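Listing of run.cif, mmCIF, C-alpha atoms and all ligand atoms
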```cif
data_structure
loop_
_atom_site.label_atom_id
_atom_site.label_comp_id
_atom_site.auth_asym_id
_atom_site.auth_seq_id
_atom_site.Cartn_x
_atom_site.Cartn_y
_atom_site.Cartn_z
CA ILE V 1 3.90 -11.04 -3.97
CA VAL V 2 4.94 -14.57 -3.01
CA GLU V 3 2.40 -17.34 -2.79
CA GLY V 4 -0.48 -15.02 -3.63
CA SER V 5 -3.41 -15.48 -5.97
CA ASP V 6 -4.76 -13.50 -8.93
CA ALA V 7 -6.98 -10.56 -7.94
CA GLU V 8 -10.59 -10.57 -9.10
CA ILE V 9 -11.66 -7.67 -11.33
CA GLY V 10 -12.45 -4.57 -9.19
CA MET V 11 -11.17 -6.23 -5.99
CA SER V 12 -8.52 -3.50 -5.26
CA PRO V 13 -9.74 -0.39 -7.13
CA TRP V 14 -7.45 1.80 -5.12
CA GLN V 15 -4.38 -0.01 -6.63
CA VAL V 16 -1.93 2.37 -8.30
CA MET V 17 1.15 1.49 -10.39
CA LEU V 18 4.11 3.84 -10.29
CA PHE V 19 6.21 3.96 -13.49
CA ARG V 20 9.41 5.58 -14.68
CA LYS V 21 8.39 7.91 -17.54
CA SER V 22 11.41 7.26 -19.71
CA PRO V 23 12.09 4.55 -20.61
CA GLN V 24 8.81 2.98 -19.32
CA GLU V 25 9.51 0.82 -16.29
CA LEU V 26 7.22 -0.37 -13.48
CA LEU V 27 8.81 0.80 -10.22
CA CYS V 28 6.54 0.30 -7.23
CA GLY V 29 2.99 0.09 -6.01
CA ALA V 30 0.87 2.86 -4.50
CA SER V 31 -2.72 3.51 -3.39
CA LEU V 32 -5.44 5.99 -4.24
CA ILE V 33 -6.74 7.94 -1.24
CA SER V 34 -8.87 10.58 -3.05
CA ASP V 35 -9.43 11.71 -6.61
CA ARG V 36 -6.10 13.59 -6.52
CA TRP V 37 -3.81 12.06 -3.88
CA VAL V 38 -1.76 8.82 -3.97
CA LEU V 39 0.10 7.22 -1.07
CA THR V 40 3.34 5.24 -1.59
CA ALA V 41 6.59 4.38 0.14
CA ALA V 42 9.32 7.04 0.28
CA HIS V 43 12.04 4.61 -0.87
CA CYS V 44 10.23 4.16 -4.17
CA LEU V 45 11.11 7.84 -4.86
CA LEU V 46 14.20 8.52 -2.76
CA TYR V 47 16.83 6.02 -1.78
CA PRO V 48 20.41 7.29 -2.28
CA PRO V 49 22.13 3.85 -1.76
CA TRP V 50 20.49 2.74 -5.04
CA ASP V 51 21.12 6.13 -6.80
CA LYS V 52 17.35 6.75 -6.62
CA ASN V 53 16.07 10.35 -6.40
CA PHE V 54 13.08 10.93 -8.66
CA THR V 55 11.32 14.14 -9.40
CA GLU V 56 7.63 14.60 -10.39
CA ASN V 57 8.56 14.87 -14.04
CA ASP V 58 10.42 11.54 -14.02
CA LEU V 59 7.25 9.55 -13.23
CA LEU V 60 3.75 8.68 -14.02
CA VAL V 61 1.01 6.52 -12.49
CA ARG V 62 -1.49 4.11 -13.97
CA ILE V 63 -4.79 3.43 -12.19
CA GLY V 64 -7.53 0.85 -12.81
CA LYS V 65 -4.90 -1.18 -14.71
CA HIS V 66 -5.77 -4.83 -14.79
CA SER V 67 -3.24 -6.29 -17.11
CA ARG V 68 0.44 -5.74 -16.90
CA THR V 69 0.72 -5.36 -20.69
CA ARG V 70 -2.78 -5.11 -22.21
CA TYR V 71 -4.15 -1.61 -22.54
CA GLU V 72 -7.81 -1.31 -21.61
CA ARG V 73 -8.96 2.06 -22.90
CA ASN V 74 -11.87 3.55 -20.90
CA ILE V 75 -10.85 1.37 -17.92
CA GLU V 76 -7.30 2.22 -16.99
CA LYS V 77 -6.21 5.82 -16.54
CA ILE V 78 -2.81 7.50 -16.76
CA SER V 79 -1.95 10.47 -14.61
CA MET V 80 1.05 12.76 -14.46
CA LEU V 81 2.26 14.06 -11.11
CA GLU V 82 2.05 17.67 -9.97
CA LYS V 83 4.18 17.27 -6.85
CA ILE V 84 5.84 14.67 -4.59
CA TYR V 85 6.11 14.96 -0.81
CA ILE V 86 8.42 12.76 1.20
CA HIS V 87 8.33 12.59 5.05
CA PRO V 88 11.07 14.99 6.25
CA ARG V 89 12.21 12.54 8.85
CA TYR V 90 12.25 9.45 6.58
CA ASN V 91 15.37 7.59 7.77
CA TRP V 92 16.84 6.05 4.64
CA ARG V 93 20.27 5.75 6.17
CA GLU V 94 19.32 3.23 8.78
CA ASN V 95 15.97 1.44 8.87
CA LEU V 96 13.45 3.16 6.57
CA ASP V 97 11.68 4.71 9.56
CA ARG V 98 8.70 6.79 8.22
CA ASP V 99 8.86 5.17 4.77
CA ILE V 100 6.02 7.25 3.37
CA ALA V 101 5.34 9.69 0.55
CA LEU V 102 2.35 11.43 -0.99
CA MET V 103 1.98 12.22 -4.69
CA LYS V 104 -0.45 14.82 -6.05
CA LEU V 105 -2.04 13.98 -9.38
CA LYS V 106 -1.78 16.68 -12.16
CA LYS V 107 -5.48 16.20 -12.89
CA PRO V 108 -8.08 14.41 -10.72
CA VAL V 109 -8.94 10.83 -11.70
CA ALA V 110 -12.62 9.92 -12.25
CA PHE V 111 -14.04 7.13 -10.04
CA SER V 112 -15.58 4.05 -11.71
CA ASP V 113 -16.29 0.40 -10.97
CA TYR V 114 -12.48 -0.10 -11.35
CA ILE V 115 -11.04 3.03 -9.71
CA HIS V 116 -12.00 4.05 -6.15
CA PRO V 117 -10.23 5.40 -3.11
CA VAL V 118 -9.40 3.36 0.00
CA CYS V 119 -10.10 4.78 3.51
CA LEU V 120 -7.41 5.95 5.95
CA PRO V 121 -8.00 4.82 9.57
CA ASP V 122 -9.33 6.94 12.35
CA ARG V 123 -8.04 6.23 15.87
CA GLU V 124 -10.76 3.85 16.94
CA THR V 125 -10.59 1.70 13.74
CA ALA V 126 -6.79 1.47 14.12
CA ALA V 127 -7.14 0.52 17.82
CA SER V 128 -9.59 -2.22 16.88
CA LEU V 129 -7.94 -3.74 13.86
CA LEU V 130 -4.22 -3.49 14.53
CA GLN V 131 -4.00 -6.53 16.69
CA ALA V 132 -1.64 -9.50 16.47
CA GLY V 133 -3.26 -12.43 14.67
CA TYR V 134 -5.74 -10.30 12.72
CA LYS V 135 -5.22 -10.59 8.98
CA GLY V 136 -4.80 -7.90 6.38
CA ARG V 137 -4.38 -8.07 2.60
CA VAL V 138 -1.42 -7.00 0.55
CA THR V 139 -1.46 -6.50 -3.22
CA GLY V 140 1.20 -5.99 -5.81
CA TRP V 141 2.85 -6.48 -9.20
CA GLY V 142 6.19 -7.46 -7.69
CA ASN V 143 8.43 -10.50 -7.75
CA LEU V 144 6.74 -13.90 -7.37
CA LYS V 145 9.79 -15.47 -5.66
CA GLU V 146 13.18 -14.69 -4.10
CA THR V 147 16.00 -15.34 -6.68
CA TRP V 148 19.11 -17.02 -5.19
CA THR V 149 21.10 -15.49 -8.16
CA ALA V 150 20.13 -12.49 -10.35
CA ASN V 151 19.97 -14.37 -13.67
CA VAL V 152 17.17 -16.69 -12.47
CA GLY V 153 13.70 -15.23 -13.28
CA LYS V 154 11.90 -13.87 -10.21
CA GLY V 155 8.52 -14.20 -11.89
CA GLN V 156 6.43 -11.15 -13.06
CA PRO V 157 2.68 -11.70 -12.85
CA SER V 158 0.28 -10.70 -15.56
CA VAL V 159 -2.62 -10.00 -13.10
CA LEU V 160 -2.35 -8.11 -9.76
CA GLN V 161 -1.41 -10.57 -6.99
CA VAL V 162 -3.07 -10.70 -3.57
CA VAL V 163 -2.11 -12.38 -0.31
CA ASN V 164 -3.80 -12.31 3.16
CA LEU V 165 -1.35 -12.17 6.12
CA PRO V 166 -1.62 -11.97 9.90
CA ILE V 167 -0.22 -9.10 11.90
CA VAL V 168 2.63 -10.34 14.15
CA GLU V 169 3.32 -9.42 17.80
CA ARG V 170 5.84 -6.59 18.18
CA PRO V 171 8.39 -8.59 20.29
CA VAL V 172 8.32 -11.37 17.67
CA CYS V 173 8.94 -8.81 14.88
CA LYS V 174 11.82 -7.25 16.83
CA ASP V 175 13.52 -10.57 17.43
CA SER V 176 13.26 -11.66 13.80
CA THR V 177 15.72 -9.08 12.51
CA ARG V 178 18.81 -7.07 13.34
CA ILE V 179 17.28 -3.92 11.83
CA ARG V 180 16.06 -1.42 14.43
CA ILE V 181 12.26 -1.43 14.41
CA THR V 182 10.27 1.65 15.38
CA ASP V 183 6.67 2.27 16.34
CA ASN V 184 6.20 3.68 12.82
CA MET V 185 6.28 0.09 11.47
CA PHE V 186 4.48 -3.15 12.04
CA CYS V 187 5.22 -6.61 10.66
CA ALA V 188 3.02 -9.35 9.20
CA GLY V 189 3.34 -12.90 7.90
CA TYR V 190 2.96 -16.50 9.01
CA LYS V 191 5.11 -18.11 11.73
CA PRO V 192 7.18 -21.25 10.81
CA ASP V 193 4.56 -23.48 12.54
CA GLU V 194 1.41 -22.02 10.99
CA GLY V 195 1.36 -24.23 7.88
CA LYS V 196 0.70 -21.30 5.55
CA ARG V 197 3.03 -19.09 3.52
CA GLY V 198 3.00 -15.69 1.78
CA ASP V 199 4.75 -12.37 1.65
CA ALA V 200 5.34 -9.14 -0.27
CA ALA V 201 8.60 -8.98 -2.25
CA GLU V 202 10.81 -6.56 -4.15
CA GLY V 203 8.62 -4.50 -6.52
CA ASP V 204 5.71 -4.53 -4.08
CA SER V 205 6.81 -1.51 -2.04
CA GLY V 206 4.32 1.30 -1.77
CA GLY V 207 1.43 -1.18 -2.20
CA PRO V 208 -1.28 -1.09 0.52
CA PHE V 209 -1.81 -3.47 3.47
CA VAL V 210 -5.61 -3.18 3.90
CA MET V 211 -8.12 -4.43 6.37
CA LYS V 212 -11.92 -4.60 6.24
CA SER V 213 -13.72 -2.93 9.07
CA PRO V 214 -16.38 -5.12 10.64
CA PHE V 215 -18.08 -1.85 11.84
CA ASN V 216 -18.92 -0.20 8.57
CA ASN V 217 -17.87 -2.79 5.93
CA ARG V 218 -15.25 -0.42 4.44
CA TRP V 219 -11.62 -1.16 3.52
CA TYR V 220 -8.95 0.78 5.40
CA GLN V 221 -5.25 1.08 4.47
CA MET V 222 -3.38 0.28 7.60
CA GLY V 223 0.08 -0.23 6.15
CA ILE V 224 2.37 0.46 3.19
CA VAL V 225 4.76 -2.29 1.92
CA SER V 226 8.14 -1.14 3.14
CA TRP V 227 10.91 -3.71 3.68
CA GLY V 228 11.91 -7.28 4.55
CA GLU V 229 14.78 -9.77 4.47
CA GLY V 230 14.48 -11.81 0.95
CA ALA V 231 10.88 -12.86 0.63
CA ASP V 232 8.82 -15.59 2.33
CA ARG V 233 11.75 -16.92 4.36
CA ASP V 234 10.86 -19.03 7.44
CA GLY V 235 11.11 -16.94 10.62
CA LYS V 236 11.25 -13.61 8.77
CA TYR V 237 8.35 -11.22 8.38
CA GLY V 238 7.50 -8.34 6.06
CA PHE V 239 7.58 -4.78 7.46
CA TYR V 240 5.00 -2.12 6.73
CA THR V 241 4.79 1.65 7.37
CA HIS V 242 2.15 2.24 10.11
CA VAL V 243 -0.24 4.57 8.31
CA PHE V 244 -2.25 5.69 11.36
CA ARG V 245 0.91 6.65 13.24
CA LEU V 246 1.81 8.97 10.35
CA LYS V 247 -1.69 10.40 9.76
CA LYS V 248 -0.87 13.84 11.28
CA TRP V 249 1.88 14.25 8.72
CA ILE V 250 -0.47 13.28 5.85
CA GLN V 251 -2.93 15.88 7.14
CA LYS V 252 -0.24 18.55 7.48
CA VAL V 253 0.97 17.97 3.95
CA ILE V 254 -2.46 17.88 2.33
CA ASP V 255 -4.31 20.60 4.29
CA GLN V 256 -1.17 22.70 3.84
CA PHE V 257 0.40 21.33 0.57
CA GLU X 1 -20.92 5.25 9.50
CA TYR X 2 -18.04 7.34 8.14
CA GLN X 3 -16.81 10.70 9.49
CA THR X 4 -14.44 12.68 7.24
CA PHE X 5 -11.05 13.87 8.57
CA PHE X 6 -9.68 15.90 5.66
CA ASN X 7 -10.71 19.19 3.99
CA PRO X 8 -12.07 18.62 0.44
CA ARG X 9 -10.71 21.99 -0.72
CA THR X 10 -7.22 20.42 -0.44
CA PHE X 11 -7.97 16.64 -0.28
CA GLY X 12 -10.17 16.64 -3.35
CA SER X 13 -13.26 14.50 -3.55
CA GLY X 14 -13.97 10.96 -2.42
CA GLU X 15 -13.24 10.72 1.31
CA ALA X 16 -16.93 10.11 2.30
CA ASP X 17 -17.15 7.49 -0.55
CA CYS X 18 -13.93 5.63 0.42
CA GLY X 19 -13.31 1.93 0.92
CA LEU X 20 -16.57 0.67 -0.68
CA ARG X 21 -16.00 -1.17 -3.93
CA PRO X 22 -18.67 -0.80 -6.64
CA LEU X 23 -18.38 -4.45 -7.69
CA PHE X 24 -18.45 -5.90 -4.17
CA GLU X 25 -19.70 -3.94 -1.15
CA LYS X 26 -22.03 -1.76 -3.27
CA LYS X 27 -23.58 -4.95 -4.76
CA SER X 28 -23.62 -6.83 -1.40
CA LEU X 29 -21.18 -9.43 -2.83
CA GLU X 30 -18.08 -10.80 -1.13
CA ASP X 31 -14.79 -11.27 -2.96
CA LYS X 32 -13.45 -14.88 -2.69
CA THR X 33 -11.03 -14.47 0.22
CA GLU X 34 -12.36 -11.65 2.42
CA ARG X 35 -13.99 -14.16 4.86
CA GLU X 36 -10.46 -15.32 5.84
CA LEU X 37 -9.90 -11.71 7.02
CA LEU X 38 -13.22 -11.43 8.86
CA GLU X 39 -12.77 -14.87 10.49
CA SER X 40 -9.32 -13.85 11.81
CA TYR X 41 -11.07 -11.17 13.94
CA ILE X 42 -12.92 -13.87 15.80
CA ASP X 43 -10.41 -16.74 15.84
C1 LIG O 1 11.15 -0.86 -2.37
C2 LIG O 1 10.24 -2.34 -2.02
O1 LIG O 1 9.86 -2.70 -3.16
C3 LIG O 1 10.90 -3.36 -1.04
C4 LIG O 1 9.83 -4.22 -0.38
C5 LIG O 1 10.43 -5.52 0.15
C6 LIG O 1 9.45 -6.24 1.04
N1 LIG O 1 9.99 -7.56 1.39
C7 LIG O 1 9.35 -8.46 2.12
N2 LIG O 1 9.90 -9.66 2.31
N3 LIG O 1 8.11 -8.22 2.57
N4 LIG O 1 11.73 -2.71 -0.01
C8 LIG O 1 13.07 -2.84 -0.03
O2 LIG O 1 13.68 -3.55 -0.89
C9 LIG O 1 13.84 -2.05 0.98
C10 LIG O 1 14.40 -0.80 0.29
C11 LIG O 1 15.81 -0.60 0.94
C12 LIG O 1 16.28 -2.05 1.06
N5 LIG O 1 15.04 -2.75 1.49
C13 LIG O 1 14.85 -3.94 2.18
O3 LIG O 1 13.79 -4.45 2.27
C14 LIG O 1 16.16 -4.58 2.57
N6 LIG O 1 16.32 -5.98 2.09
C15 LIG O 1 16.54 -4.47 4.11
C16 LIG O 1 16.68 -3.01 4.60
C17 LIG O 1 17.72 -2.15 4.19
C18 LIG O 1 17.83 -0.85 4.72
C19 LIG O 1 16.79 -0.34 5.51
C20 LIG O 1 15.75 -1.19 5.90
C21 LIG O 1 15.64 -2.47 5.36
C1 LIG O 2 17.77 14.58 -4.63
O1 LIG O 2 18.21 15.36 -5.75
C2 LIG O 2 18.21 16.78 -5.59
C3 LIG O 2 19.10 17.37 -6.68
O2 LIG O 2 18.31 17.74 -7.79
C4 LIG O 2 18.76 17.29 -4.24
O3 LIG O 2 17.99 18.41 -3.83
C5 LIG O 2 18.79 16.30 -3.08
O4 LIG O 2 19.95 16.51 -2.30
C6 LIG O 2 18.74 14.82 -3.49
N1 LIG O 2 18.33 14.09 -2.30
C7 LIG O 2 19.17 13.42 -1.50
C8 LIG O 2 20.38 12.80 -2.12
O5 LIG O 2 18.95 13.29 -0.30
ZN ZN O 3 -10.02 -5.04 -17.05
ZN ZN O 4 -18.32 5.17 -4.90
ZN ZN O 5 -13.44 -19.76 12.71
#
```

What would the structure in this file look like if it were written as structure tokens?
Ligand SMILES: *C[C@@](*)(O)[C@H](CCCNC(N)=[NH2+])NC(=O)[C@@H]1CCCN1C(=O)[C@H](N)Cc1ccccc1
Ligand SMILES: *[C@@H]1O[C@H](CO)[C@@H](O)[C@H](O)[C@H]1NC(C)=O
Ligand SMILES: [Zn+2]
Ligand SMILES: [Zn+2]
Ligand SMILES: [Zn+2]
Amino acid sequence: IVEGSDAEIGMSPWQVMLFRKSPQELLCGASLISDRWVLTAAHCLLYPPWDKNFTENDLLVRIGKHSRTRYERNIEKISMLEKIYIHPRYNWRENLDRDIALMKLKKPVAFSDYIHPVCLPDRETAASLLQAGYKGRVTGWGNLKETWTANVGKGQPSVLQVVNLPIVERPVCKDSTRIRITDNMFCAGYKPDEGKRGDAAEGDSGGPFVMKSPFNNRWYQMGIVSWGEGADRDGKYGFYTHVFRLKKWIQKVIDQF
Amino acid sequence: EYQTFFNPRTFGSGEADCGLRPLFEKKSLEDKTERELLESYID
């Protein structure tokens, strides 16, 4: 996350960290949607151009984890994965269309003041909140800056980072990049003239883009960090998987397995 | 209110409880930046 701030304790209890099992390596973000299901981005698990193709046994998740390195027993939880499900029509070859995956936890995680699921949007909440200019919040353990060269440190935070960003109009998103955008994505970030900055970055994929509903005071996951050009570049915007557009697939996978 | 969409037999528990944080919404306390979000709905 670029130009974000440190998260307060318990501010994003649905935050999930996805790690390589061996050797231990933080890979991506993810979100908790029930006591046994986690949502993430497909490219965190499968992306052939980077020789990435993980199986359930190659990974683990940490939940309620506040410090990047400090273990807080009785607060953070570790869970193994029973199964991974990647959208069958995830287009990794071209533009990461349908960049979404579900992961089933081997054992359910207990809810606490630090671990809680986020809501998925129903049609009317999505219609209301997914409007250009409305802001959402993105969280992650990813890079703090774009690099220039690989040997310059990209910053690794010690506390989850959070940034609030406005949804951008579809024609503006489309014109900002040569990648072919689909209705399964939306983009967010500040325009060059808005006097504010901020963006997700590499390492933040799979993390949630959430919005608070003014109707029932609950947080809804509207997007999943998916892709962008560098990070926090003027005139560029971050792209997110449109969770409501892919809700019928989530249902089919879960209420079918 | 909240109406559930998924079947608990396969979804597991928590859907009716979702999106309310014990240390904020359940204690009627705002986190430090959520007003920026709420304000964007009106401005
Ligand atoms: C896997 C994630 O951590 C990462 C998120 C980057 C978000 N960036 C911004 N500025 N919000 N995603 C990626 O790195 C994805 C994975 C494949 C490459 N990619 C990109 O973002 C590329 N830089 C552009 C691209 C390549 C192919 C298909 C679509 C996008
Ligand atoms: C991922 O790896 C497995 C081999 O174990 C294979 O089924 C599949 O083809 C790979 N996915 C790709 C490259 O699309
Ligand atoms: Zn803690
Ligand atoms: Zn609860
Ligand atoms: Zn105002």

Residue 46 in chain V environment, 10 Å, all atoms listed in the file, sequence neighbours closer than 4 positions dropped, as a short mmCIF file (atom, residue, chain, number, x, y, z; two decimals) with C-alpha atoms, in the frame of the given file:
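Ended up saving to result24.cif:
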```cif
data_model
loop_
_atom_site.label_atom_id
_atom_site.label_comp_id
_atom_site.auth_asym_id
_atom_site.auth_seq_id
_atom_site.Cartn_x
_atom_site.Cartn_y
_atom_site.Cartn_z
CA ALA V 41 6.59 4.38 0.14
CA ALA V 42 9.32 7.04 0.28
CA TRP V 50 20.49 2.74 -5.04
CA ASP V 51 21.12 6.13 -6.80
CA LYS V 52 17.35 6.75 -6.62
CA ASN V 53 16.07 10.35 -6.40
CA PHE V 54 13.08 10.93 -8.66
CA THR V 55 11.32 14.14 -9.40
CA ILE V 86 8.42 12.76 1.20
CA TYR V 90 12.25 9.45 6.58
CA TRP V 92 16.84 6.05 4.64
CA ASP V 99 8.86 5.17 4.77
CA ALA V 101 5.34 9.69 0.55
#
```

Set the distance at 10 Å and use all atoms listed in the file: which residues neighbour residue 1 in chain X once local chain neighbours fewer than 6 positions away are removed? I'd like the list as an mmCIF file with C-alpha atoms, in the coordinates of the input.
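Full text of around.cif as output:
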```cif
data_model
loop_
_atom_site.group_PDB
_atom_site.id
_atom_site.type_symbol
_atom_site.label_atom_id
_atom_site.label_comp_id
_atom_site.auth_asym_id
_atom_site.auth_seq_id
_atom_site.Cartn_x
_atom_site.Cartn_y
_atom_site.Cartn_z
ATOM 1 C CA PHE V 215 -18.080 -1.850 11.840
ATOM 2 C CA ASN V 216 -18.920 -0.200 8.570
ATOM 3 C CA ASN V 217 -17.870 -2.790 5.930
ATOM 4 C CA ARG V 218 -15.250 -0.420 4.440
ATOM 5 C CA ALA X 16 -16.930 10.110 2.300
#
```

Taking all atoms listed in the file into account and nothing else, which residues of chain V lie no more than 9 Å away from chain X? Please answer as an MDAnalysis selection string.
chainID V and resid 8:14 33:37 108 111:120 122 129 131 133:137 164:166 211:221 251 254:257

Within 12 Å of residue 25 in chain V using only C-alpha atoms, minus same-chain residues under 5 positions, as number ranges by chain:
V: 17-20, 58-62, 68-69, 203

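Note that CA of residue 27 in chain V and CA of residue 242 in chain V are 21.4 Å apart.
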